[PDB]
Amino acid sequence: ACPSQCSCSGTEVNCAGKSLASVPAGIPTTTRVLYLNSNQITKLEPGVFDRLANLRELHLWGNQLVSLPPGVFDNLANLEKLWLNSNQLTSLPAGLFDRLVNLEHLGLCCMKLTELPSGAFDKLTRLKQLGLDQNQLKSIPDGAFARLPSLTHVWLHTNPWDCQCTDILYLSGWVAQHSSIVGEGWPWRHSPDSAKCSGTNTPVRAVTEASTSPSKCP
């Protein structure tokens, strides 16, 4: 069992760099590590992974995804690493990650996200590493990181953070307090000022309530 375009042995399936335009059929049920990265996949069918309950790592980075079906990861209860970096997402459905209670690494950089849904990470009690850098994020919803007790590495740089708007105060206070975990590069390197306000290029960590106004919020 192995899609003809891929290499498969043991519990690892390598479909990387194969000019794939869709997720191939015949990925074994027993697969733990799935490389689908660096292809030209433009969409996921709902249910494409329903059958792949055993996955520990899902590598989807460097594809062309423009949206993700709601529920698409819902059977992945064992998933430990989810790499979605360098796709073309502009948003994420609510509840996307709620079933990924064992997730330890989540990569969401280098796309075009304009916001995150309000409860996006609330179930990710084991999450350690979270990559949000290089998107179009202006704010982080209030409380968004409050249920991430295992978090030790985060990436926030290269987002047009809107520091004139009162919405930024959650993040700006959070970064000030969790400043040892804010970084850049791969693997992570400590970089606490790397989250910067749009237009002023000043640190998000240094924004005050005085310098913001409800009137600056869209």
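The numbering used is simple: start at 1 and walk along the sequence shown.
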- Task: Look up the CA B-factors in the entry and say which stretch, 44-52 or 149-157, has the higher mean.
- Result: 44-52
- Task: Output the stretch having the higher mean C-alpha B factor in the entry; the candidates are 63-71 and 32-40.
- Result: 63-71
- Sort the modelled residues of this chain by their C-alpha B factor and say whether residue 204 lands in the lowest, middle or highest third. highest
- Message: By the recorded C-alpha temperature factor, relative to the other modelled residues in its chain, which third is residue 165 in?
- Response: highest
- residue 26 by Cα B-factor - lowest, middle or highest third of the modelled chain: highest
- Task: Comparing against every modelled residue in the chain, figure out the third that the C-alpha B-factor of residue 195 lands in (lowest, middle or highest).
- Result: highest
- Task: Could you tell me which third, lowest, middle or highest, the C-alpha B-factor of residue 171 occupies within its chain?
- Result: lowest
